[PDB]
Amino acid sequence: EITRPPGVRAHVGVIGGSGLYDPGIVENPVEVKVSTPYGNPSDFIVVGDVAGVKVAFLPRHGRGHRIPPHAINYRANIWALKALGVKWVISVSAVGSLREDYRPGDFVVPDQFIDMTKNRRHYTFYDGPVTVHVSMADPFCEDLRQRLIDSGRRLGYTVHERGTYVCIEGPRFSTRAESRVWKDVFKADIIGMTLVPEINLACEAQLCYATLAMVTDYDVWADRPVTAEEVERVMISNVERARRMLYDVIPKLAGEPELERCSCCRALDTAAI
């Protein structure tokens, strides 16, 4: 693919808030434009070096939080990261909690999801003539999941070691009746808006993708229901711990994901017809 500047490559993708990028850490940073067949990624991708590992930072909402979950160009974002050569993708996300013990401030590394989105327009890169049906029974990359969990232990942070993420459409938050269904009927653990189709596309791109979620609220279940202001307040309060995990994890990603602990790394071998 064509990039400007030309010849830019990266090994680890980081998708999350723009505040995750730290210019006091990232060496030789460059803003890069990566052509995609889907138009513009959410913003410039910043490529630079962390402990000799080339990292590509992409704020999914854009800098300044300009793009709500439903309006994100998921195809452009994942195509651009794949085009740069990334093998690992760390997503960092805010989520609501549907269980007491997943408390605001806790990290969660989910292992499952339930897609309840409706309006994302494309849930795949493959519209024909090659039909592709990737197996997403175990949709996250286990190698990266365990690395995120390990970093949490090293740093003394609470990181819940499993969880089912119900992805809703939004942008409005759940009603109480919907939340009762997510919590009591589907038995989901956390709730967010951006996981799908981001993870679908990452899997189709044969990336090792895992999510580091930060609980920001209890959705409808506390005395006062979740608000946008509450979510953003808790995220900004905890972004420093998110960065510490991120910059602890990245230096250990110089190598490749272990294929037998990366469900999607060879997804296309048996997915295409």
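Heads up: residue numbers just count along the shown sequence, starting at 1.
Taking the PDB entry as given, 152-160 carries the higher mean Cα B factor of the two stretches 165-173 and 152-160. For the pair 131-139 and 70-78, the mean B factor over Cα atoms is greater in 131-139. Each of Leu207, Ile45, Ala228, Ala210 has a CA temperature factor in the record; the biggest one is found at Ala228. The entry lists a Cα temperature factor for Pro29 that places it in the highest third of the chain's modelled residues. When the modelled residues of the chain are ordered by their C-alpha B factor, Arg233 lands in the highest third. When all modelled residues of the chain are sorted by CA temperature factor, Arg241 is found within the highest third.
When the CA B factors of the chain's modelled residues are split into thirds, the value for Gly255 lands in the middle one. The deposited CA B-factor of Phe125 belongs to the lowest third of values across its chain.
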